[PDB]
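Have a look at input_28.tsv below; it lists TSV, C-alpha atoms.
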chain	number	residue	atom	x	y	z
J	17	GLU	CA	-3.06	-10.44	17.08
J	18	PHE	CA	-1.85	-7.91	14.50
J	19	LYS	CA	-2.09	-9.02	10.87
J	20	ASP	CA	-0.32	-7.52	7.85
J	21	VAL	CA	-3.24	-8.19	5.53
J	22	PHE	CA	-2.23	-8.14	1.89
J	23	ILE	CA	-5.24	-8.03	-0.41
J	24	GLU	CA	-4.14	-8.42	-4.01
J	25	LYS	CA	-6.63	-7.71	-6.80
J	26	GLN	CA	-6.97	-6.40	-10.35
J	27	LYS	CA	-6.79	-2.66	-11.02
J	28	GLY	CA	-10.31	-1.29	-10.90
J	29	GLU	CA	-11.47	-3.67	-8.17
J	30	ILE	CA	-12.33	-2.80	-4.57
J	31	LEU	CA	-11.07	-4.87	-1.62
J	32	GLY	CA	-14.60	-5.98	-0.77
J	33	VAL	CA	-14.54	-5.31	2.97
J	34	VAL	CA	-17.13	-3.28	4.85
J	35	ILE	CA	-15.83	-1.92	8.15
J	36	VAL	CA	-17.95	-0.01	10.66
J	37	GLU	CA	-17.11	2.31	13.56
J	38	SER	CA	-16.02	-0.27	16.13
J	39	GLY	CA	-17.51	0.70	19.48
J	40	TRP	CA	-17.44	-2.57	21.42
J	41	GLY	CA	-15.63	-3.03	24.72
J	42	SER	CA	-12.23	-4.17	23.47
J	43	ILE	CA	-9.05	-2.92	21.77
J	44	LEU	CA	-8.91	0.63	20.42
J	45	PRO	CA	-12.14	1.68	18.61
J	46	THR	CA	-11.55	2.28	14.89
J	47	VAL	CA	-13.26	-0.12	12.45
J	48	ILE	CA	-14.97	-3.52	12.17
J	49	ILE	CA	-15.12	-5.64	9.03
J	50	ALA	CA	-18.87	-5.98	9.49
J	51	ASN	CA	-19.08	-7.46	6.00
J	52	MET	CA	-16.75	-8.93	3.39
J	53	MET	CA	-17.26	-10.26	-0.14
J	54	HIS	CA	-17.57	-14.04	0.15
J	55	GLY	CA	-14.60	-14.74	-2.10
J	56	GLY	CA	-13.55	-11.22	-3.04
J	57	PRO	CA	-10.06	-9.72	-2.52
J	58	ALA	CA	-10.52	-9.67	1.26
J	59	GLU	CA	-11.60	-13.31	1.38
J	60	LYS	CA	-9.02	-14.11	-1.28
J	61	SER	CA	-6.10	-13.30	1.01
J	62	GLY	CA	-7.64	-15.72	3.49
J	63	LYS	CA	-6.81	-13.43	6.40
J	64	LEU	CA	-9.66	-10.98	6.86
J	65	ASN	CA	-12.82	-12.58	8.19
J	66	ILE	CA	-15.94	-10.48	8.88
J	67	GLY	CA	-15.46	-9.10	12.39
J	68	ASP	CA	-11.77	-8.20	12.11
J	69	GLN	CA	-10.83	-4.92	13.78
J	70	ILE	CA	-8.77	-3.34	11.01
J	71	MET	CA	-6.17	-0.81	12.20
J	72	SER	CA	-4.78	0.75	9.02
J	73	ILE	CA	-4.70	0.39	5.23
J	74	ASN	CA	-1.52	0.69	3.15
J	75	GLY	CA	-0.26	2.88	5.99
J	76	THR	CA	-3.52	4.70	6.68
J	77	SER	CA	-4.42	4.49	10.37
J	78	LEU	CA	-8.17	4.01	10.75
J	79	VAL	CA	-8.02	4.92	14.44
J	80	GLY	CA	-9.42	8.34	15.28
J	81	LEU	CA	-11.11	8.75	11.90
J	82	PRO	CA	-14.89	8.26	11.38
J	83	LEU	CA	-16.48	5.68	9.09
J	84	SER	CA	-16.65	8.19	6.23
J	85	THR	CA	-12.85	8.24	6.08
J	86	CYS	CA	-12.44	4.46	6.33
J	87	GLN	CA	-15.11	3.87	3.69
J	88	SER	CA	-13.37	6.28	1.33
J	89	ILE	CA	-10.17	4.31	1.88
J	90	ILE	CA	-11.86	1.06	0.93
J	91	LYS	CA	-13.51	2.73	-2.05
J	92	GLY	CA	-10.22	4.29	-3.09
J	93	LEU	CA	-8.67	0.82	-3.00
J	94	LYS	CA	-10.11	-0.01	-6.41
J	95	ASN	CA	-7.00	0.48	-8.53
J	96	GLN	CA	-4.13	-0.38	-6.18
J	97	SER	CA	-3.54	-4.05	-7.04
J	98	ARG	CA	-2.89	-4.81	-3.38
J	99	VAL	CA	-3.81	-3.63	0.12
J	100	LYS	CA	-1.30	-3.63	2.97
J	101	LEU	CA	-3.77	-3.16	5.80
J	102	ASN	CA	-2.75	-4.17	9.32
J	103	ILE	CA	-5.80	-5.37	11.22
J	104	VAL	CA	-6.36	-6.35	14.84
J	105	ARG	CA	-7.37	-9.83	15.99
Using structure tokens, write down the structure that the file contains.
Amino acid sequence: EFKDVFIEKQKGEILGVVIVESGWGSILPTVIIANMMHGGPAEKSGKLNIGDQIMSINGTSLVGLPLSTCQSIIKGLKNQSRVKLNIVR
């Protein structure tokens, strides 16, 4: 279940999602929203719910890249105003 997650926030604010190197036995390993601000941008959209296997952010495929890359993407999503990240359900 692909999901065009759109996380809108104020410039200078991070999405609020914490994904980890998904290594379970399902889908293509990439990332796992292990955590997510209870009410933050991620929860605001009402789409991403801790445990979502994100696939890409604003056109940035998280597949094949380690956690360091993904984290940097989330951290760099502070002053975007919105996040077009397609996750996997």
List as a list in words the protein and nucleic acid residues near residue 35 of chain J, meaning an atom at most 10 Å away when all atoms listed in the file are counted, but skip any in the same chain fewer than 2 places from it.
residues 32, 33, 37, 38, 46, 47, 48, 49, 50, 51, 52, 66, 67, 68, 69, 70, 83, 86, 87 and 90 of chain J
Go ahead and write the selection's residues with C-alpha atoms as a PDB file, in the frame of the given file.
ATOM      1  CA  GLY J  32     -14.600  -5.980  -0.770  1.00  0.00           C
ATOM      2  CA  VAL J  33     -14.540  -5.310   2.970  1.00  0.00           C
ATOM      3  CA  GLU J  37     -17.110   2.310  13.560  1.00  0.00           C
ATOM      4  CA  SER J  38     -16.020  -0.270  16.130  1.00  0.00           C
ATOM      5  CA  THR J  46     -11.550   2.280  14.890  1.00  0.00           C
ATOM      6  CA  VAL J  47     -13.260  -0.120  12.450  1.00  0.00           C
ATOM      7  CA  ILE J  48     -14.970  -3.520  12.170  1.00  0.00           C
ATOM      8  CA  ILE J  49     -15.120  -5.640   9.030  1.00  0.00           C
ATOM      9  CA  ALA J  50     -18.870  -5.980   9.490  1.00  0.00           C
ATOM     10  CA  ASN J  51     -19.080  -7.460   6.000  1.00  0.00           C
ATOM     11  CA  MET J  52     -16.750  -8.930   3.390  1.00  0.00           C
ATOM     12  CA  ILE J  66     -15.940 -10.480   8.880  1.00  0.00           C
ATOM     13  CA  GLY J  67     -15.460  -9.100  12.390  1.00  0.00           C
ATOM     14  CA  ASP J  68     -11.770  -8.200  12.110  1.00  0.00           C
ATOM     15  CA  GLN J  69     -10.830  -4.920  13.780  1.00  0.00           C
ATOM     16  CA  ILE J  70      -8.770  -3.340  11.010  1.00  0.00           C
ATOM     17  CA  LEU J  83     -16.480   5.680   9.090  1.00  0.00           C
ATOM     18  CA  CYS J  86     -12.440   4.460   6.330  1.00  0.00           C
ATOM     19  CA  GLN J  87     -15.110   3.870   3.690  1.00  0.00           C
ATOM     20  CA  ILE J  90     -11.860   1.060   0.930  1.00  0.00           C
TER      21      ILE J  90
END
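In terms of minimum interatomic distance to residue 39 of chain J, J:79 ranks closest within J:103, J:58, J:89, J:79, counting only C-alpha atoms.
Here atom CA of residue 91 of chain J stands at a distance of 6.2 Å from atom CA of residue 30 of chain J.
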Take atom CA of residue 94 of chain J and atom CA of residue 75 of chain J and report the distance between them in Å, one decimal.
16.1 Å
Around (1.7, -11.6, 2.1) in the file's own coordinates, what residues are found within 9 Å if you use all atoms listed in the file, given back as a short mmCIF file (atom, residue, chain, number, x, y, z; two decimals) with C-alpha atoms, keeping the file's coordinate frame?
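After the write, selection_35.cif holds the following:
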data_model
loop_
_atom_site.label_atom_id
_atom_site.label_comp_id
_atom_site.auth_asym_id
_atom_site.auth_seq_id
_atom_site.Cartn_x
_atom_site.Cartn_y
_atom_site.Cartn_z
CA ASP J 20 -0.32 -7.52 7.85
CA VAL J 21 -3.24 -8.19 5.53
CA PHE J 22 -2.23 -8.14 1.89
CA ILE J 23 -5.24 -8.03 -0.41
CA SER J 61 -6.10 -13.30 1.01
CA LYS J 100 -1.30 -3.63 2.97
#
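With distances restricted to only C-alpha atoms, J:78 is the closest residue to residue 44 of chain J from J:93, J:101, J:64, J:78.
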Incomplete segment 24-36 of chain J brought to N, CA, C and O atoms, written out as a PDB file, in the frame of the given file:
ATOM      1  N   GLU J  24      -4.517  -8.638  -2.622  1.00  0.00           N
ATOM      2  CA  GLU J  24      -4.140  -8.420  -4.010  1.00  0.00           C
ATOM      3  C   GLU J  24      -5.337  -8.596  -4.937  1.00  0.00           C
ATOM      4  O   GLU J  24      -6.078  -9.573  -4.829  1.00  0.00           O
ATOM      5  N   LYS J  25      -5.518  -7.648  -5.850  1.00  0.00           N
ATOM      6  CA  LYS J  25      -6.630  -7.710  -6.800  1.00  0.00           C
ATOM      7  C   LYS J  25      -6.257  -7.030  -8.109  1.00  0.00           C
ATOM      8  O   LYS J  25      -5.141  -6.533  -8.271  1.00  0.00           O
ATOM      9  N   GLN J  26      -7.197  -7.014  -9.046  1.00  0.00           N
ATOM     10  CA  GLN J  26      -6.970  -6.400 -10.350  1.00  0.00           C
ATOM     11  C   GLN J  26      -7.348  -4.923 -10.316  1.00  0.00           C
ATOM     12  O   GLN J  26      -8.357  -4.542  -9.722  1.00  0.00           O
ATOM     13  N   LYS J  27      -6.534  -4.095 -10.965  1.00  0.00           N
ATOM     14  CA  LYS J  27      -6.790  -2.660 -11.020  1.00  0.00           C
ATOM     15  C   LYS J  27      -8.224  -2.382 -11.436  1.00  0.00           C
ATOM     16  O   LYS J  27      -8.695  -2.884 -12.456  1.00  0.00           O
ATOM     17  N   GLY J  28      -8.921  -1.602 -10.624  1.00  0.00           N
ATOM     18  CA  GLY J  28     -10.310  -1.290 -10.900  1.00  0.00           C
ATOM     19  C   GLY J  28     -11.240  -2.150 -10.073  1.00  0.00           C
ATOM     20  O   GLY J  28     -12.436  -2.232 -10.353  1.00  0.00           O
ATOM     21  N   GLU J  29     -10.685  -2.798  -9.048  1.00  0.00           N
ATOM     22  CA  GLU J  29     -11.470  -3.670  -8.170  1.00  0.00           C
ATOM     23  C   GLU J  29     -11.273  -3.292  -6.705  1.00  0.00           C
ATOM     24  O   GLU J  29     -10.144  -3.135  -6.241  1.00  0.00           O
ATOM     25  N   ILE J  30     -12.381  -3.153  -5.978  1.00  0.00           N
ATOM     26  CA  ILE J  30     -12.330  -2.800  -4.570  1.00  0.00           C
ATOM     27  C   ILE J  30     -12.042  -4.023  -3.703  1.00  0.00           C
ATOM     28  O   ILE J  30     -12.382  -5.150  -4.066  1.00  0.00           O
ATOM     29  N   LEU J  31     -11.413  -3.791  -2.553  1.00  0.00           N
ATOM     30  CA  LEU J  31     -11.070  -4.870  -1.620  1.00  0.00           C
ATOM     31  C   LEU J  31     -12.270  -5.787  -1.384  1.00  0.00           C
ATOM     32  O   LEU J  31     -12.166  -7.006  -1.524  1.00  0.00           O
ATOM     33  N   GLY J  32     -13.403  -5.198  -1.023  1.00  0.00           N
ATOM     34  CA  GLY J  32     -14.600  -5.980  -0.770  1.00  0.00           C
ATOM     35  C   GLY J  32     -14.914  -6.120   0.704  1.00  0.00           C
ATOM     36  O   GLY J  32     -15.706  -6.978   1.094  1.00  0.00           O
ATOM     37  N   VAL J  33     -14.304  -5.273   1.528  1.00  0.00           N
ATOM     38  CA  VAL J  33     -14.540  -5.310   2.970  1.00  0.00           C
ATOM     39  C   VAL J  33     -15.347  -4.108   3.418  1.00  0.00           C
ATOM     40  O   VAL J  33     -15.124  -2.987   2.960  1.00  0.00           O
ATOM     41  N   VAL J  34     -16.285  -4.345   4.324  1.00  0.00           N
ATOM     42  CA  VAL J  34     -17.130  -3.280   4.850  1.00  0.00           C
ATOM     43  C   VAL J  34     -16.920  -3.122   6.348  1.00  0.00           C
ATOM     44  O   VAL J  34     -17.490  -3.870   7.144  1.00  0.00           O
ATOM     45  N   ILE J  35     -16.099  -2.150   6.735  1.00  0.00           N
ATOM     46  CA  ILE J  35     -15.830  -1.920   8.150  1.00  0.00           C
ATOM     47  C   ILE J  35     -16.734  -0.831   8.716  1.00  0.00           C
ATOM     48  O   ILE J  35     -17.093   0.123   8.026  1.00  0.00           O
ATOM     49  N   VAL J  36     -17.094  -0.980   9.986  1.00  0.00           N
ATOM     50  CA  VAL J  36     -17.950  -0.010  10.660  1.00  0.00           C
ATOM     51  C   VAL J  36     -17.262   0.524  11.913  1.00  0.00           C
ATOM     52  O   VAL J  36     -16.354  -0.108  12.450  1.00  0.00           O
TER      53      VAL J  36
END
